[PDB]
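1. Quick check, what structure comes out for this input:
(chains A, B, C, D, E and F)
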Amino acid sequence: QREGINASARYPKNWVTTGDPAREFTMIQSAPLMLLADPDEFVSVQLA
Amino acid sequence: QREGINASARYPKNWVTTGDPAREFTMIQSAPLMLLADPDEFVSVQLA
Amino acid sequence: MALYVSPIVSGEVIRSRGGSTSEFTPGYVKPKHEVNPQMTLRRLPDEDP
Amino acid sequence: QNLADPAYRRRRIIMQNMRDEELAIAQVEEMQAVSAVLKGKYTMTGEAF
Amino acid sequence: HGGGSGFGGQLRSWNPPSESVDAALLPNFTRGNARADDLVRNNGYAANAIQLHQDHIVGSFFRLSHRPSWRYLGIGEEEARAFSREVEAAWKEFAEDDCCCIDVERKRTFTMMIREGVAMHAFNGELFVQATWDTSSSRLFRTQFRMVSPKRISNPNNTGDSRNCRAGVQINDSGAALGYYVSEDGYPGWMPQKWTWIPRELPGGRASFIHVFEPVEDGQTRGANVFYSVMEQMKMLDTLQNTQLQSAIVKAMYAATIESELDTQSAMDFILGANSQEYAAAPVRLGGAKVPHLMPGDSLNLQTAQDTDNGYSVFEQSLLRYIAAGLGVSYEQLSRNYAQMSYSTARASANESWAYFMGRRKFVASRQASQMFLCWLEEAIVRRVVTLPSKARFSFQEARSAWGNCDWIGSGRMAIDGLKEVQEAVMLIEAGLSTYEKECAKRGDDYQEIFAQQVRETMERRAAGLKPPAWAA
Amino acid sequence: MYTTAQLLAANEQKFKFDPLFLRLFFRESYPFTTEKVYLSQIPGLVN
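-> Numbering: from 1, shown residues only, chains lettered A, B, ... in the order given. Pasting the structure now:
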């Protein structure tokens, strides 16, 4: 949010923790909400 | 201390903590010690 | 996957990668032969008379 | 025969990590699509969520 | 074979982490600038190098000479030169203005603009200038210029850099910058730092903000000062000279010593005379020889100290030679030492340094002044202070570069002998292989006003009726 | 320990995966600004 990218597909992020043990990270964040207009448009049937 | 500006009125600082709950914190530090040269110059009376 | 972690409780990470080896040292072949100049006297099937 | 410096190793590890992370996010996002056009119902359910 | 490992391992543990120059520079970009500022403020050598830059890249004056692309625009010579002289007269009136109102800071002239720009390009790697347009109508021209230190350009809230956001430089996919972020004054650091975004170019086509530096590879965004290759060397050199000075101080401080079992006061008054008759121990008056009479078992061991320049001078010679190599300036110019110098060697050194400085001038000051003149001329045209010829095939906005074709005249080449250069120049002119314009540009003038001044001179001499000058018939 | 053992191959053989649905059915992407999403359907049925 610090850079006004509130809406985005994928957000990379990296940071290294302090302290005696050193270790950094790679972060990806997203909130996908794949939807569709008409569910009745498609017909899905299991077979046997 | 490392910025060498340790002498003024109001010090602002906003910083972000690391890790997943990465959150910002805003800060206004000060050490105000205002004073008057002559206390006896000003005369106070408790009206009754 | 990292399926649906709520954005407060990120939690754990996953192992990076890695691991495999193999060793097969040289192979080798050396099919020698010979000359023996004595056989050179009688002619071969070719080399018509 | 030719080793690599620790910094180069860590850069390569970062490459592997970011690639697997994007693969995982693609894998998780296609789940919405397959649930949608398989039954129209979808359950965004996961531990710690 | 050379780049693999090194002979017998040798550089068996060294392998630089190959990356772009921006990736190498940005993480410690602030640190390098801080170290460079500290060096230029506390070290005499850095200050002298910067002063040489200021004196030689631009020097005392910086003249304009606008030669428009009249042939490209299909313009006639007469109106082309009329327009040129009018615009240059306007520019010279506006530039050396005694108001000192050219800038918002109101505390420098245009020559100081050029000097500050080249100096900050040298010791910071680049220069930033914002052209503002004030609303006050008190003066003819409403354009002012503000130079900004690179320390004031950074991403908002000191955020992490990205593909299209590097050090607060908004760029496109191709790498061309489109916007900048500027932080206001931070004195004291007790006001909340704020970021303002300024587009590089005004949508109307005006260069609202100009950023000048010399990239060395693809993808460059910021410049690197010349000190990066010599900063640690010069810092440690200053430390070494300081420590050597202090060591010599203490060596000269302790000269002799006395050895005796007796009381200290008695030893003083018996060996050094002292003033026992009157924790300062005992001061000693300075007089004649004062030969003592130390009793047996005593000693007056006078130390021989140690030479204060045990190769120090020549070691400094070599180190300053390396520093000059790094900084581009010649060693004699940098170190102000000129021993055992021959005419040919001095001429060669001057030629090399002058070529380098001409390159630096052309690649910093010429273009910065050209951009400033372009903005000023855009304002002048939009205010119609001069009349553009109607026959002009292309509009001003269409042919901005063509209309703004102008060169610059800096400080001339002051030859060591002078007589030789003047005689060679005049014989070259006689041979006709050069031009008065080229000669005056080299020497720091222009043939047009030279001829005007000569016409004035001959008119005055004719009126006085004393002697015609050396240009008649 | 004369085991220099130079290496030549780094085969992956990782995984088989291609969505084809997002490019076959969801060809349009949409960022969100609000927290809530409204999706409406109008039914047309008349006697």
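2. Is there contact, residue-wise, from stretch E:173-190 to chain A?
-> No - in terms of C-beta under 8 Å from any C-beta of the partner chain, no part of stretch E:173-190 sits within range of chain A; the closest distance is 11.4 Å. Using the backbone N, CA and C atoms, a C-beta is placed for each residue, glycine as well.
3. where along chain D do the helices fall?
-> For chain D, the helices defined by DSSP state H cover D:6-39.
4. Next one: the residue positioned nearest the centre of chain F relative to residue A:39, how far apart?
-> Closest to where the C-alpha atoms of chain F average out (C-alpha atoms, centre = their mean) is residue F:19, at 5.6 Å. Per C-beta to C-beta, to the nearest Å, residue F:19 is found 19 Å from residue A:39.
5. now swap in residue E:459 and tell me
-> Distance of residue E:459 to residue A:39, computed by C-beta to C-beta: 99 Å.
6. phi, psi of the residue nearest to the centre of chain F?
-> Main-chain torsions, residue F:19, degrees, to the nearest 10: phi -60, psi -60.
7. Return the distance of it relative to residue D:34.
-> Per C-beta to C-beta, residue F:19 is found 9 Å from residue D:34.
8. Next: residue F:39.
-> With C-beta to C-beta as the criterion, residue F:39 and residue D:34 are 19 Å apart.
9. Between the two, which has more neighbouring residues?
-> Per other C-beta atoms under 10 Å in any protein chain shown, whichever of residue F:39 and residue D:34 has more neighbours is residue D:34, with 13 against 7.
10. residues in contact with the more buried one?
-> residue F:21 (C-beta atoms under 8 Å, 6 or more residues apart in numbering or on different chains).
11. again, but for residue F:2
-> By C-beta under 8 Å, 6+ apart, no residues touch residue F:2.
12. Look up how far residue C:25 lies from it.
-> Distance, residue F:2 to residue C:25, by C-beta to C-beta: 12 Å.
13. I'd guessed residue E:320 sits against residue E:45; true?
-> Yes - between residue E:320 and residue E:45 there is a contact under C-beta atoms under 8 Å: 7.3 Å.
14. Now for those two: what residues contact both?
-> Both residue E:320 and residue E:45 are contacted by E:334-335, under the criterion C-beta under 8 Å, 6+ apart.
15. Pull the number of nearby residues for residue 19.
-> In the absence of a named chain, this looks at chain A. So residue A:19, with other C-beta under 10 Å, has 6 neighbours.
16. Can you look at chain D instead?
-> Residues within reach of residue D:19, counting by other C-beta under 10 Å, total 12.
17. same deal with the one 3 residues further on?
-> A total of 13 residues lie near residue D:22 under the criterion other C-beta under 10 Å.
18. Where does chain F get nearest to chain B, residue-wise?
-> Chain F approaches chain B most closely through residue F:35 (19.0 Å), counting by C-beta to the nearest C-beta.
19. so that residue is in which element?
-> If you go by DSSP states H and E, residue F:35 is not part of any helix or strand.
20. okay, now it: neighbour count?
-> 5.
21. do the same with residue E:75
-> Neighbour count for residue E:75, taken as other C-beta under 10 Å: 20.
22. which residues does residue E:405 contact?
-> Contacts for residue E:405 (C-beta under 8 Å, 6+ apart) come out as E:66-69.
23. does any part of stretch D:1-9 sit near chain E?
-> Yes - with C-beta under 8 Å from any C-beta as the criterion, chain E is reached by stretch D:1-9 at D:5, D:7-8.
24. Please list the outside residues in contact with that stretch.
-> By C-beta under 8 Å, 6+ apart, the residues outside stretch D:1-9 that reach it are D:12, E:15, E:17, F:4, F:6-7.
25. and if we set it to 6 Å?
-> Stretch D:1-9 is contacted by residues E:15, E:17, F:6 when judged by C-beta atoms under 6 Å, 6 or more residues apart in numbering or on different chains.
26. what about the first one, how many neighbours?
-> By the measure other C-beta under 10 Å, the count of residues near residue E:15 is 14.
27. ditto for the last one
-> For residue F:6, the count of nearby residues is 6 (other C-beta under 10 Å).
28. how close does it get to chain C?
-> 11 Å (C-beta to the nearest C-beta, to the nearest Å).
29. Could you do the second one as well?
-> Distance of residue E:17 to chain C, computed by C-beta to the nearest C-beta: 20 Å.
30. The residue of chain D found nearest chain B - how many residues pack around it?
-> Nearest residue of chain D to chain B: residue D:48, at 11.6 Å (C-beta to the nearest C-beta). Other residues within reach of residue D:48, judged by other C-beta under 10 Å, total 12.
31. residues from chain F in reach of chain B?
-> If contacts are counted using C-beta under 6 Å from any C-beta of the partner chain, no residue of chain F sits beside chain B.
32. What residues does chain A have near chain D?
-> Proximity of chain A to chain D is confined to A:26, A:28, A:32, A:34, A:36, A:39, A:42, A:44 under the rule C-beta under 6 Å from any C-beta.
33. residues touching residue E:273, list them.
-> Residue E:273 is in contact with residue E:290, counting by C-beta under 6 Å, 6+ apart.
34. Now with 7 Å, please.
-> When contacts are counted by C-beta atoms under 7 Å, 6 or more residues apart in numbering or on different chains, residue E:273 touches E:284-285, E:290.
35. And for residue E:444?
-> Residue E:444 touches E:409, E:411-412, counting by C-beta under 7 Å, 6+ apart.
36. Using ChimeraX, define a selection of the buried residues within these.
-> Of these, the buried ones can be selected in ChimeraX as follows, counting by 16 or more other C-beta atoms under 10 Å in any protein chain shown:
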select /E:409,411
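37. Dump the contacts of stretch D:1-9 into JSON lines; add distance to residue B:1 and secondary structure as well.
-> Formatted as JSON lines, these follow (distance: C-beta to C-beta, whole Å; DSSP: H, G, I helix; E, B strand; the rest coil):
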{"residue": "E:15", "distance to residue B:1": "37", "secondary structure": "coil"}
{"residue": "E:17", "distance to residue B:1": "32", "secondary structure": "coil"}
{"residue": "F:6", "distance to residue B:1": "54", "secondary structure": "coil"}
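38. with the residues you listed in mind, which one is nearest to residue E:453?
-> Checking the contacts of stretch D:1-9 against residue E:453 with C-beta to C-beta, the nearest one is residue E:17 at 61.7 Å.
39. For residue D:10, see how far away that closest one is.
-> 10 Å.
40. all strands for the chain, in order.
-> As the question left the chain open, I've gone with chain A. A:11-17, A:23-29 (DSSP state E).
41. doesn't residue E:16 fall inside a strand?
-> No - Residue E:16 is assigned coil when assessed by DSSP: H, G, I helix; E, B strand; the rest coil, not a strand.
42. ok, so what distance separates it from chain C?
-> Distance, residue E:16 to chain C, using C-beta to the nearest C-beta: 25 Å.
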